[PDB]
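Accompanying notes for the structure given below.
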Amino acid sequence: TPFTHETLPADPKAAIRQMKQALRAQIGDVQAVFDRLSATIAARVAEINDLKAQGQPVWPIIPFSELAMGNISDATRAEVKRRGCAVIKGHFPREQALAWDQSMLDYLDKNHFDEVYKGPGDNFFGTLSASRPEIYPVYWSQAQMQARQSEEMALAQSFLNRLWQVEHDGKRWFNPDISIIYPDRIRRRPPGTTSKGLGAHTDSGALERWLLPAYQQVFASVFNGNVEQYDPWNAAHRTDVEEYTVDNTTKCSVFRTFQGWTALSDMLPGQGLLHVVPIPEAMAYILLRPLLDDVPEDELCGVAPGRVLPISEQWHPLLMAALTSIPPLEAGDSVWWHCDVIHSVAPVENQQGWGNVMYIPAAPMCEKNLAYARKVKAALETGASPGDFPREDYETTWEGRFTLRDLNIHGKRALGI
Ligand SMILES: [Fe+3]
């Protein structure tokens with residue numbers, strides 16, 4: 001269309017305007033489609049609420065033993081697809097997790113982190129009420145890389161990728177059985193912590209969801225009214241997207257089937273825990289909401305370039321009605337959500353125990369993810385901040401960092417070597 005942009009429009013408001021007009025036209029009665037969509041989603045909220053009342057976790061719980069032994073049922077596979085998230089209990093033995101956590105402590109301590117730390121290096125969350133989640137951003141601890149290349153991450157990554165339709169056109173969109181090392185940050189909250197949390201948002205692009213041609217491809221069924229034809233699990237064209245780049249701002253130049261993390265400490269109920277909207281199709285609602293006629297013509301319900309896409313009660317009351325907590329967790333567990341899934345971190349006052357996690361996603365091998373992987377390997381040598389992240393570069397100088405010679409067979413392959 002005349003309406004799309006592959007690079008960041010010089011005039012966002014102008015571009016948003018034209019996209020809206022083009023789209024209202026291509027859909028017909030937007031409000032009728034939104035209502036239909038909402039009835040399906042309202043019905044899911046009924047499911048979710050029902051389960052909550054019973055005493056169930058809403059998150060599919062999948063024991064790592066079954067995963068490891070290939071004995072996951074069809075019903076479970078199905079449930080993870082319905083819910084868009086999964087907990088892997090016992091992903092790692094508690095010992096191993098706790099020992100990792102301790103190595104983290106000493107790695108930070110021995111390189112004098114708390115002294116040196118200047119940031120946040122970034123303002124990715126300016127669109128959120130709770131925009132300050134508790135002190136990050138290191139990449140190359142032995143703990144992290146080990147978990148990343150660990151054989152039992154590989155099992156989980158592969159199992160997860162497998163949930164996506166891969167075949168479609170030109171036989172295969174990515175290889176679901178190798179995943180790249182995507183070095184990410186950590187989340188470290190000590191007992192006593194008080195925090196606003198992280199406000200509900202989705203990752204992997206904001207404005208580009210509407211304006212990028214690849215996303216017009218991905219969400220065709222949405223942007224043409226056949227909302228029910230739309231399949232969250234179809235990899236079609238996801239690997240053709242490339243997010244807009246904004247000076248020194250967090251972006252994600254990689255395709256992630258799931259985001260997740262591995263817990264380094266026990267997570268106790270109410271202690272400012274990860275919540276998710278377990279309805280991966282919600283993205284449809286996010287996409288149609290600004291098209292409705294109570295929203296200003298040049299606006300996308302808070303979306304701004306170089307900022308995470310915000311989800312709020314103001315614009316998305318139904319989706320907010322669906323927020324659900326992770327169950328309580330023991331160290332070594334790990335949690336996963338579909339890349340289009342709305343999520344947040346609840347606030348705590350005076351937190352019991354630690355709230356430590358390592359960020360490790362499933363990002364499957366493909367021409368796109370490999371391009372980034374080639375870049376990662378360069379960073380891993382120097383210890384610099386991976387390109388996708390603010391150039392803080394704290395570890396370039398540190399002792400006890402994971403290095404090139406310490407790689408797995410997995411690791412060498414995940415970085416394509
Ligand atoms: Fe997020």
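Each chain in the structure tokens gets a letter, A, B and so on, in the order shown; residues start at 1 in every chain, and ligands are counted from 1 in the order they appear.
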
Non-local contacts of range 406-409 of chain A (10 Å; only C-alpha atoms; under 6 positions in same chain excluded) as a PyMOL selection string = chain A and resi 142+145-146+148-151+415+417

Please write the residues from the selection above to a file, keeping N, CA, C and O atoms, as a PDB file, in the first residue's frame.
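Below you can see part-v8.pdb, which holds the result:
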```
ATOM      1  N   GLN A 142      29.337 -16.324  33.901  1.00  0.00           N
ATOM      2  CA  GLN A 142      29.398 -17.770  33.682  1.00  0.00           C
ATOM      3  C   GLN A 142      28.045 -18.407  33.958  1.00  0.00           C
ATOM      4  O   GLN A 142      27.628 -19.318  33.254  1.00  0.00           O
ATOM      5  N   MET A 145      25.727 -17.635  30.583  1.00  0.00           N
ATOM      6  CA  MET A 145      26.136 -18.344  29.405  1.00  0.00           C
ATOM      7  C   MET A 145      25.970 -19.854  29.596  1.00  0.00           C
ATOM      8  O   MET A 145      25.541 -20.547  28.676  1.00  0.00           O
ATOM      9  N   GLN A 146      26.288 -20.353  30.791  1.00  0.00           N
ATOM     10  CA  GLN A 146      26.150 -21.775  31.082  1.00  0.00           C
ATOM     11  C   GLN A 146      24.735 -22.237  30.855  1.00  0.00           C
ATOM     12  O   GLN A 146      24.512 -23.251  30.224  1.00  0.00           O
ATOM     13  N   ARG A 148      22.463 -20.765  29.157  1.00  0.00           N
ATOM     14  CA  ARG A 148      22.109 -20.533  27.790  1.00  0.00           C
ATOM     15  C   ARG A 148      22.508 -21.765  26.961  1.00  0.00           C
ATOM     16  O   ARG A 148      21.646 -22.427  26.411  1.00  0.00           O
ATOM     17  N   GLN A 149      23.800 -22.101  26.935  1.00  0.00           N
ATOM     18  CA  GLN A 149      24.309 -23.309  26.265  1.00  0.00           C
ATOM     19  C   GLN A 149      23.957 -24.654  26.950  1.00  0.00           C
ATOM     20  O   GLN A 149      24.139 -25.721  26.368  1.00  0.00           O
ATOM     21  N   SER A 150      23.428 -24.619  28.164  1.00  0.00           N
ATOM     22  CA  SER A 150      23.066 -25.860  28.831  1.00  0.00           C
ATOM     23  C   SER A 150      22.227 -26.745  27.906  1.00  0.00           C
ATOM     24  O   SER A 150      21.391 -26.274  27.139  1.00  0.00           O
ATOM     25  N   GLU A 151      22.475 -28.040  27.988  1.00  0.00           N
ATOM     26  CA  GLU A 151      21.746 -29.013  27.203  1.00  0.00           C
ATOM     27  C   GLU A 151      20.268 -29.019  27.563  1.00  0.00           C
ATOM     28  O   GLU A 151      19.423 -29.298  26.714  1.00  0.00           O
ATOM     29  N   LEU A 415      25.803 -19.935  18.268  1.00  0.00           N
ATOM     30  CA  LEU A 415      26.452 -18.780  17.697  1.00  0.00           C
ATOM     31  C   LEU A 415      26.894 -19.052  16.256  1.00  0.00           C
ATOM     32  O   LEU A 415      27.572 -18.219  15.642  1.00  0.00           O
ATOM     33  N   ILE A 417      29.118 -21.689  14.586  1.00  0.00           N
ATOM     34  CA  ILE A 417      30.580 -21.782  14.489  1.00  0.00           C
ATOM     35  C   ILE A 417      31.054 -23.194  14.094  1.00  0.00           C
ATOM     36  O   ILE A 417      30.469 -24.205  14.496  1.00  0.00           O
TER      37      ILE A 417
END
```

Please give me, as a PyMOL selection string, the residues lying within 7 Å of ligand 1 when counting only C-alpha atoms and all ligand atoms.
-> chain A and resi 201-203+343-344

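Restricting the calculation to only C-alpha atoms, the smallest distance between residue 139 in chain A and any of A:348, A:304, A:15, A:384 is found for A:384.
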
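The shortest atom-to-atom distance to residue 18 in chain A, with only C-alpha atoms taken into account, belongs to A:297 out of A:251, A:144, A:119, A:297.
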
Residue set, range 325-370 of chain A restricted to helix (DSSP H, G or I), as a PyMOL selection string = chain A and resi 367-370

Those same residues - C-alpha atoms - I'd like them written as a compact mmCIF listing (two decimals), in the first residue's frame.
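That gives us result-v8.txt:
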```txt
# COMPACT_ATOMS: atom_id res chain seq x y z
CA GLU A 367 18.88 -16.33 8.38
CA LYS A 368 17.75 -13.35 10.48
CA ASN A 369 18.55 -14.67 13.96
CA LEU A 370 21.93 -15.95 12.66
```

So which residues touch residue 158 in chain A within 9 Å, counting only C-alpha atoms, skipping near sequence neighbours fewer than 6 positions away, as number ranges by chain?
-> A: 176-179, 362, 364

Residue selection dump (C-alpha atoms) as an mmCIF file, in the first residue's frame:
```
data_model
loop_
_atom_site.group_PDB
_atom_site.id
_atom_site.type_symbol
_atom_site.label_atom_id
_atom_site.label_comp_id
_atom_site.auth_asym_id
_atom_site.auth_seq_id
_atom_site.Cartn_x
_atom_site.Cartn_y
_atom_site.Cartn_z
ATOM 1 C CA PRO A 176 12.972 -25.205 15.501
ATOM 2 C CA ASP A 177 15.800 -27.349 16.832
ATOM 3 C CA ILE A 178 18.699 -24.951 17.107
ATOM 4 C CA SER A 179 18.260 -21.585 18.800
ATOM 5 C CA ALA A 362 13.652 -19.041 22.596
ATOM 6 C CA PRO A 364 15.160 -20.218 16.687
#
```

Fewer than 5 positions away in the same chain doesn't count, so skip those; otherwise give me all residues within 10 Å of range 162-175 of chain A, counting only C-alpha atoms, as a ChimeraX atom specification.
-> /A:77-78,80-81,156-157,231-240,255,257,363-369

Limited to C-alpha atoms, could you put the picked residues into a file as a PDB file, in the first residue's frame?
```pdb
ATOM      1  CA  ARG A  77       0.824 -28.941  23.883  1.00  0.00           C
ATOM      2  CA  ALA A  78      -2.688 -27.721  23.123  1.00  0.00           C
ATOM      3  CA  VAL A  80       0.226 -23.963  26.013  1.00  0.00           C
ATOM      4  CA  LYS A  81      -1.109 -22.836  22.618  1.00  0.00           C
ATOM      5  CA  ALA A 156      13.133 -26.596  26.301  1.00  0.00           C
ATOM      6  CA  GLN A 157      13.935 -24.213  23.467  1.00  0.00           C
ATOM      7  CA  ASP A 231      -3.365 -17.814  13.981  1.00  0.00           C
ATOM      8  CA  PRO A 232      -0.922 -16.636  16.694  1.00  0.00           C
ATOM      9  CA  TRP A 233       1.219 -19.700  16.059  1.00  0.00           C
ATOM     10  CA  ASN A 234       1.930 -19.133  12.374  1.00  0.00           C
ATOM     11  CA  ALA A 235       5.578 -18.176  11.784  1.00  0.00           C
ATOM     12  CA  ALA A 236       4.782 -16.820   8.310  1.00  0.00           C
ATOM     13  CA  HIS A 237       6.729 -13.523   7.756  1.00  0.00           C
ATOM     14  CA  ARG A 238       7.700 -13.009  11.431  1.00  0.00           C
ATOM     15  CA  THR A 239      11.326 -13.358  10.314  1.00  0.00           C
ATOM     16  CA  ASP A 240      11.024 -10.591   7.771  1.00  0.00           C
ATOM     17  CA  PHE A 255      12.737 -13.294  16.167  1.00  0.00           C
ATOM     18  CA  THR A 257       8.986 -17.486  19.539  1.00  0.00           C
ATOM     19  CA  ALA A 363      14.973 -17.446  19.396  1.00  0.00           C
ATOM     20  CA  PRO A 364      15.160 -20.218  16.687  1.00  0.00           C
ATOM     21  CA  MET A 365      17.883 -20.552  14.001  1.00  0.00           C
ATOM     22  CA  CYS A 366      17.109 -18.751  10.732  1.00  0.00           C
ATOM     23  CA  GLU A 367      18.883 -16.330   8.380  1.00  0.00           C
ATOM     24  CA  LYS A 368      17.746 -13.355  10.484  1.00  0.00           C
ATOM     25  CA  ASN A 369      18.551 -14.673  13.955  1.00  0.00           C
TER      26      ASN A 369
END
```

Using only C-alpha atoms, find the one residue out of A:223, A:64, A:107, A:258 that sits nearest to residue 28 in chain A.
->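 Residue with the minimum atom-to-atom distance to residue 28 in chain A: A:223.
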
DSSP strand (DSSP E or B) residues within range 203-318 of chain A, listed as a PyMOL selection string = chain A and resi 234+258-263+267+274-276+309-310

Restricting it to N, CA, C and O atoms, dump the selection as a compact mmCIF listing (two decimals), in the first residue's frame.
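That gives us again37.txt:
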```txt
# COMPACT_ATOMS: atom_id res chain seq x y z
N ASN A 234 1.41 -19.08 13.72
CA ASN A 234 1.93 -19.13 12.37
C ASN A 234 3.18 -18.28 12.22
O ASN A 234 3.13 -17.06 12.40
N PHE A 258 9.25 -17.35 21.92
CA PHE A 258 8.85 -17.07 23.28
C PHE A 258 9.89 -16.17 23.91
O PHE A 258 11.08 -16.29 23.64
N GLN A 259 9.44 -15.28 24.77
CA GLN A 259 10.35 -14.75 25.75
C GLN A 259 10.18 -15.63 26.99
O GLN A 259 9.13 -16.26 27.19
N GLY A 260 11.21 -15.63 27.83
CA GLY A 260 11.09 -16.18 29.17
C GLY A 260 12.27 -15.81 30.02
O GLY A 260 13.19 -15.12 29.57
N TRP A 261 12.25 -16.26 31.27
CA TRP A 261 13.45 -16.27 32.09
C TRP A 261 13.56 -17.53 32.95
O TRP A 261 12.61 -18.30 33.07
N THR A 262 14.76 -17.73 33.50
CA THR A 262 15.01 -18.77 34.50
C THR A 262 15.17 -18.10 35.86
O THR A 262 15.95 -17.15 36.01
N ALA A 263 14.45 -18.61 36.85
CA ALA A 263 14.50 -18.12 38.22
C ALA A 263 15.76 -18.55 38.97
O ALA A 263 16.03 -19.73 39.07
N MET A 267 10.32 -17.64 44.08
CA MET A 267 9.40 -16.51 43.95
C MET A 267 8.18 -16.85 44.79
O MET A 267 7.45 -17.80 44.49
N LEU A 274 5.85 -11.64 38.11
CA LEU A 274 5.42 -11.61 36.71
C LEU A 274 3.94 -11.99 36.50
O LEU A 274 3.48 -13.04 36.94
N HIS A 275 3.20 -11.10 35.85
CA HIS A 275 1.85 -11.42 35.38
C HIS A 275 1.83 -11.39 33.87
O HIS A 275 2.61 -10.67 33.22
N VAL A 276 0.87 -12.12 33.31
CA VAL A 276 0.73 -12.24 31.88
C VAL A 276 -0.76 -12.23 31.54
O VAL A 276 -1.59 -12.56 32.39
N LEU A 309 5.25 -0.86 23.62
CA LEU A 309 3.82 -0.66 23.35
C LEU A 309 3.11 -0.84 24.69
O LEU A 309 3.16 -1.92 25.26
N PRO A 310 2.47 0.22 25.20
CA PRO A 310 1.80 0.17 26.52
C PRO A 310 0.40 -0.39 26.45
O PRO A 310 -0.32 -0.08 25.51
```

A:6, A:50, A:281, A:101 ranked by distance to residue 207 in chain A, top pick (using only C-alpha atoms) =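 Going through A:6, A:50, A:281, A:101 one by one, the smallest distance to residue 207 in chain A is for A:6.
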
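When only C-alpha atoms are used to compute distances to residue 335 in chain A, the closest of the residues A:89, A:83, A:36, A:20 turns out to be A:89.
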
Out of A:250, A:245, A:143, A:321, which residue has the shortest atom-to-atom distance to residue 49 in chain A when counting only C-alpha atoms?
->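 Among the listed residues, A:321 lies closest to residue 49 in chain A.
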
Work out how far apart CA of residue 27 in chain A and CA of residue 41 in chain A are and give it in Å to one decimal.
-> 19.5 Å

12 Å contact set for residue 290 in chain A, only C-alpha atoms, chain neighbours under 3 positions out, as a PyMOL selection string = chain A and resi 16-17+19-21+23-24+30-31+34+207+210+284-287+293-303+311+315-316

May I have the residues within 9 Å of residue 196 in chain A as JSON, numbers by chain, using only C-alpha atoms and disregarding those fewer than 5 positions away in the same chain?
-> {"A": [129, 130, 131, 132, 133, 272, 345, 346, 347, 348, 349]}

Find the spatial neighbours of range 350-354 of chain A, counting only C-alpha atoms, within a cut-off of 12 Å - ignore same-chain residues fewer than 3 positions away - and output them as a PyMOL selection string.
-> chain A and resi 98+101-102+105+134+187-197+263-273+329-331+346-347+357

For the selection just defined, write its residues with N, CA and C atoms to a file, as an mmCIF file, in the first residue's frame.
```cif
data_model
loop_
_atom_site.group_PDB
_atom_site.id
_atom_site.type_symbol
_atom_site.label_atom_id
_atom_site.label_comp_id
_atom_site.auth_asym_id
_atom_site.auth_seq_id
_atom_site.Cartn_x
_atom_site.Cartn_y
_atom_site.Cartn_z
ATOM 1 N N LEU A 98 20.637 -22.093 42.635
ATOM 2 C CA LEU A 98 21.149 -21.369 43.783
ATOM 3 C C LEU A 98 22.655 -21.106 43.668
ATOM 4 N N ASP A 101 23.149 -18.290 41.231
ATOM 5 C CA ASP A 101 22.815 -17.049 41.910
ATOM 6 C C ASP A 101 23.954 -16.529 42.767
ATOM 7 N N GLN A 102 24.592 -17.418 43.516
ATOM 8 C CA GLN A 102 25.692 -17.016 44.367
ATOM 9 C C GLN A 102 26.862 -16.540 43.521
ATOM 10 N N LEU A 105 26.139 -12.979 42.517
ATOM 11 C CA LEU A 105 26.514 -12.100 43.622
ATOM 12 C C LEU A 105 28.000 -11.797 43.616
ATOM 13 N N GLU A 134 13.723 -3.307 38.839
ATOM 14 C CA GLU A 134 14.909 -3.195 39.714
ATOM 15 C C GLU A 134 16.270 -3.739 39.191
ATOM 16 N N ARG A 187 17.579 -9.651 36.437
ATOM 17 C CA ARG A 187 16.734 -8.871 37.317
ATOM 18 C C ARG A 187 17.067 -9.228 38.748
ATOM 19 N N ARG A 188 17.586 -8.284 39.516
ATOM 20 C CA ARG A 188 18.054 -8.620 40.856
ATOM 21 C C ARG A 188 17.400 -7.799 41.980
ATOM 22 N N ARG A 189 16.411 -8.373 42.661
ATOM 23 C CA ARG A 189 15.765 -7.682 43.793
ATOM 24 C C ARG A 189 16.014 -8.415 45.099
ATOM 25 N N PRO A 190 16.749 -7.772 46.041
ATOM 26 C CA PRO A 190 17.017 -8.334 47.381
ATOM 27 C C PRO A 190 15.826 -8.173 48.325
ATOM 28 N N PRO A 191 15.724 -9.033 49.347
ATOM 29 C CA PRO A 191 14.690 -8.880 50.372
ATOM 30 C C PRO A 191 14.587 -7.435 50.900
ATOM 31 N N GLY A 192 13.364 -6.988 51.150
ATOM 32 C CA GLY A 192 13.154 -5.657 51.665
ATOM 33 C C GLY A 192 12.787 -4.676 50.578
ATOM 34 N N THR A 193 13.151 -5.004 49.337
ATOM 35 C CA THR A 193 12.850 -4.178 48.163
ATOM 36 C C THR A 193 11.406 -3.628 48.144
ATOM 37 N N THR A 194 11.283 -2.365 47.735
ATOM 38 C CA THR A 194 9.984 -1.767 47.388
ATOM 39 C C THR A 194 10.071 -1.207 45.960
ATOM 40 N N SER A 195 9.083 -1.564 45.133
ATOM 41 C CA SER A 195 9.107 -1.272 43.700
ATOM 42 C C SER A 195 7.713 -1.150 43.115
ATOM 43 N N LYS A 196 7.569 -0.219 42.172
ATOM 44 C CA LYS A 196 6.299 -0.009 41.472
ATOM 45 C C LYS A 196 6.014 -1.170 40.514
ATOM 46 N N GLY A 197 7.092 -1.786 40.018
ATOM 47 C CA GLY A 197 6.999 -2.938 39.131
ATOM 48 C C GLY A 197 7.274 -2.540 37.699
ATOM 49 N N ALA A 263 14.452 -18.614 36.854
ATOM 50 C CA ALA A 263 14.500 -18.116 38.223
ATOM 51 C C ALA A 263 15.762 -18.553 38.971
ATOM 52 N N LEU A 264 16.512 -17.601 39.526
ATOM 53 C CA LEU A 264 17.659 -17.922 40.376
ATOM 54 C C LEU A 264 17.324 -18.002 41.873
ATOM 55 N N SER A 265 16.101 -17.629 42.233
ATOM 56 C CA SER A 265 15.655 -17.617 43.625
ATOM 57 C C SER A 265 14.208 -18.062 43.664
ATOM 58 N N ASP A 266 13.719 -18.470 44.833
ATOM 59 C CA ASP A 266 12.302 -18.800 44.936
ATOM 60 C C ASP A 266 11.449 -17.532 44.773
ATOM 61 N N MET A 267 10.321 -17.641 44.084
ATOM 62 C CA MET A 267 9.400 -16.514 43.950
ATOM 63 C C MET A 267 8.181 -16.848 44.786
ATOM 64 N N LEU A 268 7.970 -16.079 45.844
ATOM 65 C CA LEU A 268 6.848 -16.328 46.763
ATOM 66 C C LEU A 268 5.629 -15.478 46.391
ATOM 67 N N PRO A 269 4.425 -16.030 46.613
ATOM 68 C CA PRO A 269 3.187 -15.392 46.149
ATOM 69 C C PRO A 269 3.059 -13.960 46.676
ATOM 70 N N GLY A 270 2.730 -13.037 45.779
ATOM 71 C CA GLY A 270 2.497 -11.650 46.146
ATOM 72 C C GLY A 270 3.747 -10.799 46.151
ATOM 73 N N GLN A 271 4.906 -11.402 45.904
ATOM 74 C CA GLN A 271 6.152 -10.630 46.018
ATOM 75 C C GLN A 271 6.567 -9.903 44.743
ATOM 76 N N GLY A 272 5.607 -9.220 44.113
ATOM 77 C CA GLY A 272 5.884 -8.430 42.909
ATOM 78 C C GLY A 272 6.248 -9.321 41.726
ATOM 79 N N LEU A 273 5.343 -10.248 41.439
ATOM 80 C CA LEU A 273 5.569 -11.349 40.516
ATOM 81 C C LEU A 273 5.164 -11.025 39.068
ATOM 82 N N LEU A 329 7.041 -19.932 42.530
ATOM 83 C CA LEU A 329 8.127 -20.690 41.900
ATOM 84 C C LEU A 329 9.280 -21.029 42.840
ATOM 85 N N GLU A 330 9.943 -22.153 42.582
ATOM 86 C CA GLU A 330 11.176 -22.484 43.302
ATOM 87 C C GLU A 330 12.354 -22.321 42.353
ATOM 88 N N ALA A 331 13.480 -21.865 42.887
ATOM 89 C CA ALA A 331 14.674 -21.569 42.085
ATOM 90 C C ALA A 331 14.989 -22.733 41.161
ATOM 91 N N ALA A 346 4.196 -7.111 38.852
ATOM 92 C CA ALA A 346 3.429 -6.522 39.948
ATOM 93 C C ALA A 346 4.306 -5.696 40.884
ATOM 94 N N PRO A 347 3.721 -4.702 41.570
ATOM 95 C CA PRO A 347 4.541 -4.008 42.584
ATOM 96 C C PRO A 347 4.670 -4.806 43.895
ATOM 97 N N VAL A 357 16.036 -13.264 38.408
ATOM 98 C CA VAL A 357 15.819 -14.050 37.205
ATOM 99 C C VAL A 357 16.939 -13.756 36.224
#
```
